[PDB]
Amino acid sequence: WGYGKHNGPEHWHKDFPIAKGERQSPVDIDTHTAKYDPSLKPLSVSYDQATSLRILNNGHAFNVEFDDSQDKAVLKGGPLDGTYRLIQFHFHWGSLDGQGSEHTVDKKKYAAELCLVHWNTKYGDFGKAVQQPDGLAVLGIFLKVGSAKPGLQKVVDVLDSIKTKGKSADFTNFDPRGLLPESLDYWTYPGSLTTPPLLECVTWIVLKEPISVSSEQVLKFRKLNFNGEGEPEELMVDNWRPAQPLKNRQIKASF
Ligand SMILES: [Zn+2]
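Just so you know, the sequence shown maps onto residues 5 to 125, 127 to 260 in the entry's author numbering.
What follows is the structure, given as C-alpha cells:
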C-alpha cells in the first residue's frame, strides 16, 4: 500500500475492507453543521515529563517515538474518558503548500497536519487499544505556511539522517509542548487510523487553531524518500488520505 497511482488510497479497500467502513477518517469539518456541545470539558495536555527516544522513516512518514511505559506525557479531559498515553507523533504533507492536511475545514486544505497519537491505559498496551472503539485519541493540528516555528527546528535538522525507509536516529529530550497552538479549542468525532489497517478505534481531536511554519521548514519535509536506500528515488510528498463520508456521525465543537 502507498500513495502512488497503483497503491494509493483508492486501492486500500482490497487488502483493508474496513476502508469503506462506517467511521473512517479523515473527514471535512463543516463548521456550520458541527454542533457546539456545552458538555465538553477542556483538553488536558500534560507533556512536561515527556521522554522522546527516536525518529524513524517508516516508508510513509516519519514517527517521533516516546517512552510510554509510564504516564509521562498524557492527554485527558475533553470528550475523553480515562488517561491516554502519548506513543508517537507524525505528519502528513503535500508536494505544494496548497495541500497536505488530511482533515479539511469547510473544504480548506492546509500545508500539513500533525498527529499526536495516544492510547488508553485501561487496555494495557497499544496493541490491545487498537482493538477497542475508545482505544485511541489523536490530537490533530494543522500547519499553515508563514513564520517559522522554533520548536519544530530540531525535528527538521535530523531529517537528513533518516532520508530513506528503515532509517532511524536517537532523538531524546524533544519537547512536544513546542508544537501546540495557543488555543486548545477543538472539534471532536469518532473516526479511524488514516493509514492501513484503518482500525476504527479513534476519538479525533482536531485543533481549531493552526500553527505556522516557514516555507523552508516544510521544504525539508519534501526531501524525504518513500524508498529504501539503494532504490530509485521517490520523494515522500502527498502522503495524505482524501476525505471520507461522515455517514450520520456528528462533529461537535468545544466553542
Ligand atoms: Zn496521521
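Quick reminder that beta carbons are idealized off the backbone N, C-alpha and C, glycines included.
Local conformation of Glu238 per DSSP, three classes:
Reduced to three states, the DSSP call for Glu238 is coil.
When you compare only the Cα positions, how much space is there between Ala153 and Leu184?
One Cα belongs to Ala153, the other to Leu184, and the distance between them is close to 12 Å.
Note down the Cα distance separating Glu26 from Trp16, rounded to an integer number of angstroms.
Looking at the two C-alpha atoms, the distance is approximately 15 Å.
Buried or exposed: which applies to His96, given that a residue is buried once 16 or more other Cβ atoms fall within 10 Å of its Cβ?
It counts as buried.
Look up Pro46 in the DSSP assignment and say whether it is helix, strand or coil.
DSSP places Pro46 in coil when its eight states are reduced to three.
Judging by CA-CA distance, which residue of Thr87, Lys149, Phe70 is the nearest neighbour of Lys113?
Here the closest residue by C-alpha is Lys149.
Near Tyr51, which residues of its chain fall below 6 Å by C-beta distance, leaving aside the five closest residues on each side in sequence?
Here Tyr51 has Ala77, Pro181, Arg182 as same chain residues with Cβ atoms under 6 Å from its own Cβ, once five neighbours each way along the sequence are excluded.
Can you tell which of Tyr128, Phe231, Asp101, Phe147 has its C-alpha closest to the C-alpha of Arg89?
The option with the nearest alpha carbon to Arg89 is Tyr128.
So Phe260 is in the beta strand (DSSP E); what residue range does that whole segment cover?
Counted as a single uninterrupted DSSP element, the stretch harbouring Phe260 is not any beta strand (DSSP E), since DSSP gives it neither H nor E.
Alpha carbon to alpha carbon, what distance is there between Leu118 and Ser173?
Taken atom to atom, the span from the alpha-carbon of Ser173 to that of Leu118 is near 19 Å.
With 16 as the cutoff for other CB atoms within 10 Å, does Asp130 come out buried or exposed?
So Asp130 ends up on the exposed side.
Between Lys133 and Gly63, what straight-line distance do the alpha-carbon atoms span, to the nearest angstrom?
Computed Cα separation, rounded: 24 Å.
Looking at the unbroken alpha helix (DSSP H) that takes in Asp71, where does it start and where does it end?
Taken as a continuous stretch (DSSP letters only), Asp71 belongs to no alpha helix (DSSP H), as it is neither H nor E.
Beta-bridge partners of residue 263, as assigned by DSSP:
Beyond the ends of the chain as shown, which are 5 and 260, falls residue 263; an answer cannot be given.
Nearest by alpha-carbon distance to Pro202: which of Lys9, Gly8, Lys18 is it?
Considering only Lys9, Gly8, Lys18, the residue with the shortest C-alpha distance to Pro202 is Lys18.
List the whole-angstrom C-beta distance separating residue 4 from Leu189, where the pair is believed to meet the contact cut-off of C-beta under 8 Å.
Absent from the model: residue 4. The displayed extent of the chain is 5 to 260, so no value can be given.
Neighbourhood of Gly81 by C-beta, 8 Å cutoff - its chain only, sequence neighbours within 5 removed
Shown here for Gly81: same chain residues with a beta carbon closer than 8 Å to its own, the five before and five after excluded, namely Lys45, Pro46, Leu47, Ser48 in chain order.
Is the beta carbon of residue 318 within less than 8 Å of some heavy atom of ligand 1?
Since the first residue shown for the chain is 5 and the last is 260, residue 318 is missing from the structure and cannot be characterised.
From what residue to what residue does the beta strand (DSSP E) around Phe176 run?
Taken as a continuous stretch (DSSP letters only), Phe176 belongs to no beta strand (DSSP E), as it is neither H nor E.
Span separating the alpha-carbon of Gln136 from that of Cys206:
Rounded to whole angstroms, the separation of the alpha carbons of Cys206 and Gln136 is 7 Å.
DSSP three-state label for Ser166, please.
Helix.
What does a CB cutoff of less than 6 Å around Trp5 pick up in its chain, not counting 5 residues either side in sequence?
Excluding residues within five positions, the ones whose Cβ falls inside 6 Å are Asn11, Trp16, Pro201.
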